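Engineer: I have a structure here, written as structure tokens, and I will follow up with some questions on it.
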Amino acid sequence: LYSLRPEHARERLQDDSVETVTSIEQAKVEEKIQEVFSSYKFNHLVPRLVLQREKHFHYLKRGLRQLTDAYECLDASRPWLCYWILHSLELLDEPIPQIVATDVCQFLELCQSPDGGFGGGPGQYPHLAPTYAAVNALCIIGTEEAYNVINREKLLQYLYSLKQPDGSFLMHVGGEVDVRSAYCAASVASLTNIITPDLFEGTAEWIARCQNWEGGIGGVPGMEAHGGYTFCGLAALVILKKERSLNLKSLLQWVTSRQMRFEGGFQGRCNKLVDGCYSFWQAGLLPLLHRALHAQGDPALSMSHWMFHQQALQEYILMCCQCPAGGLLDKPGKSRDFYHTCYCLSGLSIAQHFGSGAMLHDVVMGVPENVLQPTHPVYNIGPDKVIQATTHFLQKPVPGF
Amino acid sequence: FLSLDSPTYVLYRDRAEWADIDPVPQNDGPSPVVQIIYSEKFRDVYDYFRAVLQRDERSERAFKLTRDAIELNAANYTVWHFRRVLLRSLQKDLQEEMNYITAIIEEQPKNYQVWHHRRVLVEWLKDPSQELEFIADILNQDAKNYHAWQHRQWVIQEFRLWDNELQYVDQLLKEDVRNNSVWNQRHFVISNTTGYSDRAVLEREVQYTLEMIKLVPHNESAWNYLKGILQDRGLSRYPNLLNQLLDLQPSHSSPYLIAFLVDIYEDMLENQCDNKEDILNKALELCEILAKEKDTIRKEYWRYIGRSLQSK
Ligand SMILES: Cn1cncc1CN(Cc1cccc(C#N)c1)c1ccc(C#N)c(-c2cccc3ccccc23)c1
Ligand SMILES: CC(C)CCCC(C)CCCC(C)C[C@@H](O)P(=O)(O)O
Ligand SMILES: [Zn+2]
Numbered sequence: 023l024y025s026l027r028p029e030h031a032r033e034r035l036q037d038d039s040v041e042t043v044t045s046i047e048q049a050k051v052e053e054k055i056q057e058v059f060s061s062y063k064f065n066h067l068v069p070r071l072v073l074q075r076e077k078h079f080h081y082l083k084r085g086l087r088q089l090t091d092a093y094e095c096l097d098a099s100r101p102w103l104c105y106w107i108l109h110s111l112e113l114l115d116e117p118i119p120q121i122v123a124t125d126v127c128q129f130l131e132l133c134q135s136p137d138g139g140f141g142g143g144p145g146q147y148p149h150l151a152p153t154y155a156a157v158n159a160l161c162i163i164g165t166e167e168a169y170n171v172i173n174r175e176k177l178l179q180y181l182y183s184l185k186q187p188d189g190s191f192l193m194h195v196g197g198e199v200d201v202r203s204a205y206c207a208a209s210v211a212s213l214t215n216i217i218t219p220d221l222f223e224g225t226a227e228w229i230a231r232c233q234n235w236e237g238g239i240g241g242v243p244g245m246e247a248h249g250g251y252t253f254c255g256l257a258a259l260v261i262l263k264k265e266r267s268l269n270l271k272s273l274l275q276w277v278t279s280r281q282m283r284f285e286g287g288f289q290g291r292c293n294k295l296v297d298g299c300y301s302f303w304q305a306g307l308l309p310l311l312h313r314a315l316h317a318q319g320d321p322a323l324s325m326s327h328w329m330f331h332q333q334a335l336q337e338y339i340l341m342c343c344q345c346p347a348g349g350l351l352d353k354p355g356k357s358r359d360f361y362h363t364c365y366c367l368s369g370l371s372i373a374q375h376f377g378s379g380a381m382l383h384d385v386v387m388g389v390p391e392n393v394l395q396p397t398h399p400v401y402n403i404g405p406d407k408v409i410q411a412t413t414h415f416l417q418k419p420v421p422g423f
Numbered sequence: 055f056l057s058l059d060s061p062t063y064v065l066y067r068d069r070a071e072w073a074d075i076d077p078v079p080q081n082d083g084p085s086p087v088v089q090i091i092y093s094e095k096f097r098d099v100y101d102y103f104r105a106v107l108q109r110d111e112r113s114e115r116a117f118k119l120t121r122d123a124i125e126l127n128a129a130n131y132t133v134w135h136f137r138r139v140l141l142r143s144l145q146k147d148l149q150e151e152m153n154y155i156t157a158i159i160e161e162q163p164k165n166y167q168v169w170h171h172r173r174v175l176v177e178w179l180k181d182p183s184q185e186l187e188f189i190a191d192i193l194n195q196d197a198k199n200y201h202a203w204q205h206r207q208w209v210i211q212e213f214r215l216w217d218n219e220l221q222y223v224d225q226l227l228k229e230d231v232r233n234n235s236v237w238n239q240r241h242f243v244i245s246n247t248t249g250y251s252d253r254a255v256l257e258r259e260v261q262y263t264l265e266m267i268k269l270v271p272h273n274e275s276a277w278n279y280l281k282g283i284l285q286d287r288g289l290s291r292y293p294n295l296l297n298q299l300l301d302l303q304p305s306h307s308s309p310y311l312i313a314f315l316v317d318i319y320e321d322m323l324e325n326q327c328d329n330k331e332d333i334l335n336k337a338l339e340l341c342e343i344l345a346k347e348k349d350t351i352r353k354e355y356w357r358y359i360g361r362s363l364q365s366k
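Protein chains in written order, with full-length UniProt numbering: chain D, 23 to 423; chain H, 55 to 366.
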């Protein structure tokens, strides 16, 4: 294993002797991680990287049905819990009973607002986040029923209701603005095929202004480059087919710099700590960047791997972010939740599968049973579900008015 | 009026002034999913919120109730909304409210609604007089709270309060030169006040940056900054660059020095330069070192740069 190797111990932090709050914390994680790494040597067992698929499955299976009051803090993001769970399973190649799916369908319907879009739960004002989640969900299911839950004509209205003159969107009426909204909108609109000609007028330009001196993209123009926002941006641009609106070069150098040389995982921001979730938000940018670059005929592109250490990331996830009881997590010590479960797995899969036209060099760490189903680098749902959905809605007319 | 935490706090259902209203319960459908098991308390407060909201009862009692509903789940933007409606309708003292939100933020400096709520207030009052001090406090407990910084940048731009921010930046950088947010902020500030076209400024900036580098050679921010302010105009327009950098090879080396060099070399090629051939070689060798020995975590990238460096 790349991480368990002896020279890898040189990738340890260089404090420069000038210790700051940042050094301190980093160093802290590094030790906690080292331990996990050396877990094997101390105990005298052969290291065997295994994905506790069953344990995860029972965890997810359960949550899809009910959660403890510890989840009250999310009472406004239910569609999300749907998605997360409904995707993890999806990745775990687990089943979505034709009855459970229905209930979901039925529940989401209750979340759907009469003004279009979705709310965090029944009776809540529509919001782009839950909306993005709801849709993905329905898609993951992918049945006449699921698809038919989505009111396209209303979706558009809503979408337009949040559209801003400078090209950005609000997350919700009277709500804040940041890239999330752009990606949210683009994702749902495209999938459902409701993109009118002016819908995203100037949006690409707004997103473009979010890219800063770091090469990364921030929440709003002027802000620090951030993994979560960077994905939203790029992805958003890919959907609109305008990735070129950015300086992909520096973008590339920024993301790639986000992988922790010692930990293997990614960090959301330069000089921040590793965090499982960024296994997707950050790592997913590469597949996106591949297309983009390949799109402008880039010869120097690999035909077998992503421009990031697929190995290291798989190790990190597998070794460090798995919860014995099931569920994945931020980092050792951190508690489990469906968000990280959903994204660690998403990262894994990204790390396990490459493509580039007709190439297909998968890379599965440890037990081959560890391989996951593939996920779309833009929507973060099964590429088959994506294709399946868009085409279904494709046979509907864009709600012109 | 009655704290969620008073030992003497209590169920609305159980309240005398709350008997003229029938608690509207949540409707999760006959066959629930991701259904949360709320505390009798949590359920109490919200069943009642559903009602007041549903009635659109714009009353003082409702007002006080959103407070409880927010404390129970500060992320509930719907309640946050209705609260703003009540603020306008009941015509509530906003500064009073400012204090409220101020305390809430101290408690959940990472919630999205709270910060937005505050921005609305400030907007309403057109009064930024408290912001920079408040923010500083929060950044004092977490020098990297994305929201705080975001909020600060809004206050600075909107109300054109640029005068002492660089000073602030310098302060924080002294506290943790590795604080990427500050480096960013630094860029935010200068680029919006004087800009980097000013020779003197430019020089000042790099000088300073070269210092921090030649002080904590493995701190990446400084490097990205130096690269940032430079790269927009061409590293290769910068002769001594390569050299001074070259001097730090044995004295302040890191894969960053190497990457930077590789970067310079790139531009020195884009603009065409004598010895280019050699330059290309020197560059490719660095690519490999970084790829093979110096910074293998991104070997995919480093070799890709080697290949690109071939075509162009
Ligand atoms: C501390 N930390 C380290 N790593 C992550 C975190 C924080 N945490 C995890 C979070 C919060 C609430 C519930 C769950 C779950 N399950 C997960 C965060 C932090 C910021 C954001 C943002 N933006 C999100 C987030 C992203 C995407 C969809 C969401 C839907 C609902 C709520 C939050 C969502 C989550
Ligand atoms: C489509 C989406 C809702 C995408 C959300 C993507 C994100 C994970 C965004 C992260 C939001 C922010 C500002 C997080 C920061 O607080 P931190 O870097 O501390 O995690
Ligand atoms: Zn995380």
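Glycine included, every Cβ here is placed at the ideal spot set by N, Cα and C.
Residue 343 of chain D to residue 114 of chain D, Cα distance in whole Å?
Structural biologist: As a working mapping, residue 343 of chain D is identified with position 321 in the first sequence. As a working mapping, residue 114 of chain D is identified with position 92 in the first sequence. Going by the C-alpha atoms only, they are around 16 Å apart.
Engineer: If you draw a straight line from the alpha carbon of residue 266 of chain H to that of residue 276 of chain H, how long is it in whole angstroms?
Structural biologist: Taking the second sequence and counting its residues from 1, the one referred to as residue 266 of chain H is at position 212. Taking the second sequence and counting its residues from 1, the one referred to as residue 276 of chain H is at position 222. Answer to the nearest angstrom: the Cα atoms are 7 Å apart.
Engineer: Could you tell me the alpha carbon to alpha carbon distance between residue 48 of chain D and residue 78 of chain D, rounded to whole angstroms?
Structural biologist: Taking the first residue of the first sequence as position 1, residue 48 of chain D is located at position 26. Taking the first residue of the first sequence as position 1, residue 78 of chain D is located at position 56. Using only the alpha carbons, I get a separation of about 29 Å.
Engineer: Which chain H residues sit within Cβ distance under 7 Å of residue 93 of chain D?
Structural biologist: The residue labelled residue 93 of chain D in the question sits at position 71 within the first sequence. Simply 90.
Engineer: What residue from D:34, D:31, D:75 has the CA that sits closest to residue 390 of chain D's CA?
Structural biologist: Within the first sequence, the letter at position 368 stands for residue 390 of chain D. Here the closest residue by C-alpha is D:75.
Engineer: Leaving out five residues on either side along the sequence, give the residues of the same chain with a beta carbon under 8 Å from the beta carbon of residue 329 of chain D.
Structural biologist: Taking the first sequence and counting its residues from 1, the one referred to as residue 329 of chain D is at position 307. Excluding sequence neighbours, residue 329 of chain D sits near 274, 278, 308, 311, 312.
Engineer: Would you list, in chain order, the members of the region 228 to 242 of chain D that have their beta-carbon closer than 9 Å to a beta-carbon of chain H?
Structural biologist: Those would be 234, 235, 236, 237, 240, 241, 242, in chain order.
Engineer: Counting pairs of Cβ atoms below 8 Å between the region 87 to 95 of chain D and the region 366 to 374 of chain D, do you hit three or more?
Structural biologist: As far as the Cβ criterion goes, the region 87 to 95 of chain D does not touch the region 366 to 374 of chain D, which means the pair count is below three.
Engineer: Verify whether the separation of the beta carbon atoms of residue 98 of chain H and residue 67 of chain H is less than 8 Å.
Structural biologist: Locating residue 98 of chain H in the second sequence gives position 44, where the first residue counts as 1. Locating residue 67 of chain H in the second sequence gives position 13, where the first residue counts as 1. Yes, the Cβ-Cβ distance between residue 98 of chain H and residue 67 of chain H is below 8 Å.
Engineer: Got a sec? Which residues, its chain only, sit under 6 Å from residue 325 of chain H by beta carbon, not counting five neighbours each side?
Structural biologist: Position 271 of the second sequence holds residue 325 of chain H. Hits under 6 Å: 290.
Engineer: Select from H:240, H:87, H:75, H:328 the residue whose C-alpha is nearest the C-alpha of residue 144 of chain D.
Structural biologist: Position 122 of the first sequence, counting from 1, holds the residue named residue 144 of chain D. Answer by Cα proximity: H:87.
Engineer: In chain order, what residues of the region 316 to 340 of chain D put their CB closer than 9 Å to some CB of chain H?
Structural biologist: Result list: 320, 321, 322, 323, 324, 327, 328, 329, 330, 331, 332, 334.
Engineer: Which chain H residues are close to residue 45 of chain D, counting only those with a beta carbon under 8 Å from its beta carbon?
Structural biologist: If you number the first sequence from 1, residue 45 of chain D lands on position 23. Ordered by position in chain H, the residues that pass the 8 Å Cβ test against residue 45 of chain D are 232.
Engineer: Since residue 128 of chain D meets chain H, which of its residues come closer than 8 Å, beta carbon to beta carbon?
Structural biologist: Along the first sequence, one-based indexing puts residue 128 of chain D at 106. Within chain H, the residues near residue 128 of chain D are 83, 85.
Engineer: Considering only the beta carbon of each residue, do residue 383 of chain D and residue 327 of chain D sit closer than 8 Å?
Structural biologist: Position 361 of the first sequence, counted from the first residue, corresponds to residue 383 of chain D. Position 305 of the first sequence, counted from the first residue, corresponds to residue 327 of chain D. Contact: yes.
Engineer: Taking only beta-carbon atoms, is residue 362 of chain D less than 8 Å away from chain H?
Structural biologist: For the purposes of this step, residue 362 of chain D is taken as residue 340 along the first sequence, with counting starting at 1. Chain H, which has no Cβ nearer than 8 Å to the Cβ of residue 362 of chain D, makes this no.
Engineer: Is any heavy atom in ligand 2 found nearer than 7 Å to the beta carbon of residue 291 of chain D?
Structural biologist: Taking the first residue of the first sequence as 1, we reach residue 291 of chain D at position 269. Correct: residue 291 of chain D has its Cβ closer than 7 Å to ligand 2.
Engineer: Is the beta carbon of residue 250 of chain D within less than 7 Å of some heavy atom of ligand 1?
Structural biologist: Start at 1 with the first residue of the first sequence, and residue 250 of chain D comes out as number 228. The answer is yes for residue 250 of chain D.
Engineer: Is the CB-CB distance between residue 199 of chain D and residue 190 of chain D below 8 Å?
Structural biologist: Translated into positions along the first sequence, residue 199 of chain D becomes position 177. Translated into positions along the first sequence, residue 190 of chain D becomes position 168. Result yes, Cβ atoms of residue 199 of chain D and residue 190 of chain D sit closer than 8 Å.
Engineer: Would you say residue 147 of chain D reaches chain H, if we count a Cβ-Cβ gap shorter than 8 Å as a contact?
Structural biologist: Counted from its first residue, the first sequence places residue 147 of chain D at position 125. For residue 147 of chain D, the answer is yes, since a Cβ of chain H falls inside 8 Å of its Cβ.
Engineer: Would you give the residue range spanned by the alpha helix (DSSP H) that residue 81 of chain D belongs to?
Structural biologist: Position 59 of the first sequence, counted from the first residue, corresponds to residue 81 of chain D. Note, residue 81 of chain D: alpha helix (DSSP H), 75 to 85.
Engineer: Only counting the same chain, and skipping five residues up and downstream in sequence, which positions put a Cβ closer than 8 Å to that of residue 171 of chain D?
Structural biologist: Looking up residue 171 of chain D in the first sequence gives position 149. For residue 171 of chain D, where only same-chain residues beyond five positions count, the Cβ hits under 8 Å are 127, 130, 131, 134, 160.
Engineer: Rounded to whole angstroms, how far is the Cβ of residue 353 of chain H from the Cβ of residue 312 of chain H, which I believe are closer than 8 Å?
Structural biologist: As a working mapping, residue 353 of chain H is identified with position 299 in the second sequence. As a working mapping, residue 312 of chain H is identified with position 258 in the second sequence. Rounded, the Cβ-Cβ distance is 14 Å, inconsistent with contact.
Engineer: Write down the C-beta distance between residue 112 of chain D and residue 395 of chain D rounded to the nearest angstrom, noting that I regard them as a contact closer than 8 Å.
Structural biologist: If you number the first sequence from 1, residue 112 of chain D lands on position 90. If you number the first sequence from 1, residue 395 of chain D lands on position 373. Rounded, the Cβ-Cβ distance is 6 Å, consistent with contact.
Engineer: Quickly, what does DSSP pair residue 204 of chain H with across the bridge? List them, please.
Structural biologist: As a working mapping, residue 204 of chain H is identified with position 150 in the second sequence. Note: residue 204 of chain H sits in no beta bridge, so no partner.
Engineer: For residue 361 of chain H and chain D, any beta-carbon pair shorter than 8 Å?
Structural biologist: Locating residue 361 of chain H in the second sequence gives position 307, where the first residue counts as 1. It does; some Cβ of chain D falls within 8 Å.
Engineer: Could you tell me the distance, in whole angstroms, from the CA atom of residue 263 of chain H to the CA atom of residue 359 of chain H?
Structural biologist: Translated into positions along the second sequence, residue 263 of chain H becomes position 209. Translated into positions along the second sequence, residue 359 of chain H becomes position 305. Each residue's Cα considered, the two are about 26 Å apart.
Engineer: List, in order along the chain, the chain H residues whose C-beta lies closer than 7 Å to that of residue 281 of chain D?
Structural biologist: For the purposes of this step, residue 281 of chain D is identified with residue 259 of the first sequence, where counting begins at 1. In chain order: 351, 352.
Engineer: Under the criterion of a Cβ to heavy atom distance below 7 Å, does residue 147 of chain D qualify as lining ligand 1?
Structural biologist: Residue 147 of chain D sits at position 125 when you count from the first residue of the first sequence. Checking the Cβ of residue 147 of chain D against ligand 1 gives no.
Engineer: If we count Cβ pairs, one from each stretch, closer than 8 Å, do we get three or more for the region 146 to 160 of chain D versus the region 131 to 142 of chain H?
Structural biologist: Yes, they touch.
Engineer: Contact check, residue 206 of chain D vs residue 151 of chain D under 8 Å by CB: the rounded distance?
Structural biologist: The residue given as residue 206 of chain D occupies position 184 in the first sequence. The residue given as residue 151 of chain D occupies position 129 in the first sequence. Their Cβ separation, rounded to whole angstroms, is 6 Å, which keeps residue 206 of chain D and residue 151 of chain D in contact under 8 Å.
Engineer: Could you tell me the distance, in whole angstroms, from the CA atom of residue 242 of chain D to the CA atom of residue 269 of chain D?
Structural biologist: Counting from one through the first sequence, the residue named residue 242 of chain D turns up at place 220. Counting from one through the first sequence, the residue named residue 269 of chain D turns up at place 247. Rounded to whole angstroms, residue 242 of chain D to residue 269 of chain D spans 17 Å at the Cα level.
Engineer: Could you check which residue in D:290, D:370, D:34, D:380 has the C-alpha nearest to that of residue 72 of chain D?
Structural biologist: In the first sequence, residue 72 of chain D corresponds to position 50, counting from 1. Among D:290, D:370, D:34, D:380, the Cα nearest to that of residue 72 of chain D belongs to D:370.
Engineer: Taking the C-alpha atoms as reference points, what is the distance between residue 256 of chain H and residue 234 of chain H?
Structural biologist: Along the second sequence, one-based indexing puts residue 256 of chain H at 202. Along the second sequence, one-based indexing puts residue 234 of chain H at 180. Straight-line Cα distance between these residues: approximately 20 Å.
Engineer: When DSSP labels each residue in this structure, what does residue 140 of chain D get in the three-state scheme?
Structural biologist: Within the first sequence, the letter at position 118 stands for residue 140 of chain D. Strand at residue 140 of chain D.
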